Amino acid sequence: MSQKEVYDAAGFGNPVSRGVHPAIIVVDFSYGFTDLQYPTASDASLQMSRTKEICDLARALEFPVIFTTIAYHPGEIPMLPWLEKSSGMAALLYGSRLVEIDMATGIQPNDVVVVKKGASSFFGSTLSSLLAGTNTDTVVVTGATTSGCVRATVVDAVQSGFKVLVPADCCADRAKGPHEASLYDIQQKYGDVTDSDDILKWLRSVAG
């Protein structure tokens, strides 16, 4: 059997039947991840403009739009073993520009920001409670990086009881390889990989 045949027989890759209460999660489009002056950053310019379109529509339709950022207090750095492996993350300190949401996302004062300490937007955060509290059934995940925080957020979203959509053109990464690998795993096991055009049309449809 080919890999495609193996995954098919294993029952992977089924489509998600989308719900009627969407929410947008924008994962770590902070300057630390989007401004190339910083060692941890990637080129996310196109991805942020696509994400802005999605968020602008969702916000106007009164669907939840939630941004995430990784930020640390100095005393937390030696306490968290993730920062031993991923030591570049220690630069993401409260009060620094690195932790601020990139303005290219079109973030507005109303928009809730959730601060987290790991990869997943759900881990050690209030995110699940906000989604459950707004009766969310379907999440659209965007952000940086595809192979890191985005993939981790996607796994947690489906595990938490939410259907997951991922517009590939809204996900940025440091390299094509890990980007493609995570989108494959997501499409097979965790959510539907699609594009912003689909998302936009879909959001208009559920509002209608």
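Residue numbers run from 1 along the displayed sequence.
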{"item": "Stretch with the higher entry mean CA B-factor, where the candidates are 149 to 157 and 59 to 67", "value": "59 to 67"}
{"item": "Residue range whose averaged C-alpha B-factor is higher in the record, 181 to 189 or 194 to 202", "value": "194 to 202"}
{"item": "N110 - which third its CA temperature factor falls in, relative to the rest of the chain", "value": "lowest"}
{"item": "Chain third (lowest, middle, highest) by recorded CA B-factor, residue given as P74", "value": "highest"}
{"item": "Chain-wide C-alpha B factor ranking for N135, given as lowest, middle or highest third", "value": "highest"}
{"item": "B-factor third for the C-alpha atom of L83 within its chain", "value": "middle"}
{"item": "Third of chain Cα B-factors occupied by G11", "value": "lowest"}
